[PDB]
Structures are given as C-alpha cells and as structure tokens.
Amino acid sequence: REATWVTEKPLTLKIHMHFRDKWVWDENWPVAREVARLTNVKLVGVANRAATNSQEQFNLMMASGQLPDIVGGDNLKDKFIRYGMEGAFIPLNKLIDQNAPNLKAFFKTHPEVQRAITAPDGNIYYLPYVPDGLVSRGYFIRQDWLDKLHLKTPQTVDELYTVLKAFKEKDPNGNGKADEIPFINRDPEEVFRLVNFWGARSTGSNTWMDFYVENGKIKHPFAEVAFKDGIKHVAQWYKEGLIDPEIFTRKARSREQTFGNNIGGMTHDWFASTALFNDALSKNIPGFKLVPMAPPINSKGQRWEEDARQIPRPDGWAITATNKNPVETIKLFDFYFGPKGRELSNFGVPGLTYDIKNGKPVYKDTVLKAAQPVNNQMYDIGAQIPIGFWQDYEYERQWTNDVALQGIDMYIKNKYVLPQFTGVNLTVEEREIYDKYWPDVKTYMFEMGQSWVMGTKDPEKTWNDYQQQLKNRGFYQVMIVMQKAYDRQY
C-alpha cells in the first residue's frame, strides 16, 4: 500500500485516448505503470491503434456503443462541452471541491484557466492540458545556405521570396540536383499561416482556425477578404515550388526527412525541438545551421508572430456517465496536479529517464544527447501527453539549446507575438448554434483552404460561392452569437 493510493481495493478503468492522429493510451507505458503503482488505479486503453485521425476516432467511439470510463485527447474541448451538456460526460465541479485538493488549489490560483474550461451551464466537463511557457513557434532558416549563396537574412516578404527562389534554383546543398524544398513544415495548417506575410490572419490562438478580435469585433480568419488575397499569394508560392509540394501529406516527420536529407531550407515551428536538429545533424551535415529568424516585414509593414503558448489548451480528459467510480477517478486525476504526479507526467520515470539531483528532476545524458527531441521521447513512455496535467517548463529548459534560447529571447524582447484570443462566454442558446454549425463550417473552411493552396480551386473565382456556402452552412449565425457573447464581457 502507498500513502498516495486513492482506493484500498485495486481498480481498473477503461480509457479511450487517441491523440495527435498517431497515438493511443498504452497501459504498458512506464509512466502509466508508475502512476498505477502509486494510485492503485490502472487505465486500460480501448482506442483503435489502426486509425490516422483522432477526431474521427472520438466520433467512432461515440457511435460504437457504451462509452468507456474516461475519454482523453487533443482538440476535444468542444466535444467535451457539447457531449457534457448532453449527459455523456459528467460535471466535475462537486467532485473537485470534495475530493481533489490539488485541483481545487490550482483553480483558485488560476481563475482564467477555470473560466476557459467552463461550459455555458457553468459545469466543468474536463480537466485540461495546461502548458507552461510563453512563446511557442518561430521562423527558422538555413543560415549555412544563406552564407553559401551570399544572401543576407531576408527582412521583407519580397526579400524572402528571392531567398526561397534561390534555395530552390541555386543548388545550395551542392549536389547538382534541384532537390531543395525551400519551406517545409510538420503542420499542414502552417501553410495557411503564410497568409500572415500578406497581412492576413490564419488563427487567433494556438488552437487551429480560432477566431480573433480586431477593434472590438469578432472575426474568423478564413472568412475575411484579406484571406482571399493572401491565400492567392500562398498558392503562387506553392505553384512555384517554394512551399513543400507534400505540405498537406508529409506531416509529423517532415523535419527528420527534409533537414535530415539536407533539402529543407526554412520552417516555422517550436523553438526547442526545431533548434535541436542542429545538434542531431551536426555529424552527417557539417555546417548545417538552422537559426531563428525574425518574422519578415509583411504587406502591412509589420513583423508578425501569430502563435503563442495557450494556457490552457483545448485538450485533456473527462469522466463519462458510465464510469462507476467517479470519486476514485477524480482522485486519480488530482494526483497529476500534486508534486509527484506533475513530475512523472512531465519527465517520465525516476531512474529511467531522469534522476533527482539536489532535489530537482534532471534528465539523464542519454535522453539529452538523443537524436530524437525530448518531447518525442516523453510521448513514447507516456509523458507530455494531452491528458489533464500541468506542464512544467523546467522539463523543456533542460533541452532548449543556446540557439533556441536566443531565438526565444529575441521574440520576447522584440514583442513579435500578436495579442492572443482568449475566447468568449456563450449562453446555452448561443452554444446550441455554435455546436450545430461550427464543426462543419470549420471542416469546410479547411477543405477550401487546401483547394486554394494546391490550385484545384481559384480563390478569386470561387470566393462568391464560398461566402454563399458559409452563409448556408450557418457560419454567420455562429459569428452573430460570438459577437453577442463578446459584447457581454467587454
């Protein structure tokens, strides 16, 4: 028995957790096993490991009969709220106030986080993934390629065009072949963010395709005329091969592939893991130098960094109405917000991935010297996963090299990061319109966006049909309630 046990009698619960379109909960994970040992509660996964879309899996689970005991994953906030009000997920307010002292304290000191996860009916239907940090992404460019081609760091979009064209046509890796791919990215959604170069927004926060506010008015990036004009430019860059032709399909290992084979010239991604490639590829590609770059001056005369860490994220886990042990479950959930629980969910397992030295968790050299980014290494053993947990930036600091640190400092110092959208508080009736139309409009917007970038549809010629479809699909009904809810707060 352990003082951390949340139940005297061993308890096993079923969890459906499919995340980042590639992973599922693994009861064999070192972290899962350690938490089970300490709490006496074991979670067994029931998600389909042979599936490449996490949202589709949530929907499939919801239509495959009786739900499991717990459901977790990334980008599920809206589903947790929608189905929570439908009775599929239970309210946690009471359970927390009565059995979770760590969470109760956390929320008292983090009122903004509590508000962000609360539903229109005032109920909390899930515990969020709470990131720790300030900046997230930044632009990175191949300094060695710039040097080899005698080009200066691009300061404007026009200068950037010239530089990327040079990367594509001037054989910077010197193998006599036109194999270079100027701009690459792990996230297909980043291709949409390129409209920033032409003064248009792509999202209001770290949450993909989120709304934003301008002069007291709620707006959505994909519906603005600025997007039409901006995406036309992105389409041109894609047409000319300045943007990875496989940008919508390569995905997850784009960096390992393109930087690893010395064909990638630039990206926009997280500072720590991206800068790590300088160390991982130092042996195979001497001179490889991927460095942070300030955003180029855009068509509106400004340097924009649209992304920032979002606290909390629309990720996490919830308790279903079929869970027969809600009290034991919330106690398990609370364990993660305690000192030991937070340490495990962030660093892995003591003696395996880290050791306590001078009272502080310190990653082993084998982890820090690995070619794989530390967050990827954590995913592999059940840490840094999108359950309800509190991220600790100290875990990240340990593998943020000087190149990354200096990039982070530059972005913080020069204030490139745009104000982030912190959401609004919808009434129950307003939420009904949101859940009825938004999901499908969002999917439609992505589809149109991809068509415009790839050239299968001309944004200029299809814009009217598009706006008509947005109206028919309920987009403006959603915009109307969003604005009303906004005016209530401010």
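Numbers for residues come from their place in the sequence shown, where the first is 1.
In the PDB record, does 308-316 or 354-362 carry the higher mean Cα temperature factor?
It is 354-362 that shows the higher mean C-alpha B-factor.
Using the B-factors recorded in the PDB entry, average over the C-alpha atoms of 267-275 and of 393-401, then report which stretch comes out higher.
The recorded data point to 393-401.
Per the coordinate record, which of the options 28, 456, 57, 462 holds the highest CA temperature factor?
Going by the entry's C-alpha B-factors, 57 comes out highest.
Which one, 99, 302, 376, 202, has the peak C-alpha temperature factor per the PDB entry?
99 has the highest C-alpha B-factor of those listed.
Could you say whether, by C-alpha temperature factor, residue 149 belongs to the lowest, middle or highest third of its chain?
It belongs to the middle third of the chain when residues are ordered by C-alpha B-factor.
Ordered by C-alpha B-factor within the chain, which third holds residue 421? Give me lowest, middle or highest, please.
Bottom third by C-alpha B-factor.
Ranked by Cα temperature factor within the chain, is residue 193 in the lowest third, the middle third or the highest third?
Its C-alpha B-factor, which the entry lists for residue 193, ranks in the lowest third among residues of this chain.
Among all modelled residues of this chain, ranked by Cα B factor, put residue 478 in the bottom, middle or top third, i.e. lowest, middle or highest.
Highest third - that is where residue 478 ends up once the chain's C-alpha B-factors are sorted.
For the chain shown, is the CA B-factor of residue 17 in the lowest, middle or highest third of its modelled residues?
Its C-alpha B-factor, which the entry lists for residue 17, ranks in the lowest third among residues of this chain.
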